[PDB]
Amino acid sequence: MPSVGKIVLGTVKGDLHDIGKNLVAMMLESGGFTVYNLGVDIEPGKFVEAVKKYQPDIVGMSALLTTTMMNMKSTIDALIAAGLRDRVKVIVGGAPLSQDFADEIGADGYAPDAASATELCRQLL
């Protein structure tokens, strides 16, 4: 299937949940996206490395622990420090996530589920 975009996805530092993230990846691939699934417990600097390596259109972060949500902000800060923040759109999700939180940390988008995440990614491109 021709690639309609490139997406780097990971579960954030401190967090080992990936069932939801993996469903998001599967649904994104079904629409033509190239998805680089980094895995879990992904450090801010490893997101930065991935953006340099894969040159994605979008960076997506998943968190299921309330106590790991602020590592999404840490990752955004790392992207800013690396000079990469304007080259990518940042999306966040997970059961404890919300649009209000996405706004608070400076992400470009939030989606409540895998189906809506695919539409969000299409809109962000």
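Numbering starts at 1 and runs along the sequence shown.
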Inset, instruction - Name the higher of the two by mean Cα B-factor in the PDB entry, 59 to 67 versus 85 to 93. - result: 85 to 93
Inset, instruction - Would you mind checking where the Cα B-factor of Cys121 ranks among the modelled residues of its chain, as the lowest, middle or highest third? - result: lowest
Inset, instruction - Among all modelled residues of this chain, ranked by Cα B factor, put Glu104 in the bottom, middle or top third, i.e. lowest, middle or highest. - result: highest
Inset, instruction - Using the B-factor values recorded in the entry, state whether the Cα atom of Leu9 falls in the lowest, middle or highest third among the modelled residues of its chain. - result: middle
Inset, instruction - Tell me, lowest, middle or highest third: where does the Cα B factor of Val40 rank within its chain? - result: middle
Legend entry - Chain-relative CA temperature factor third for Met72: lowest
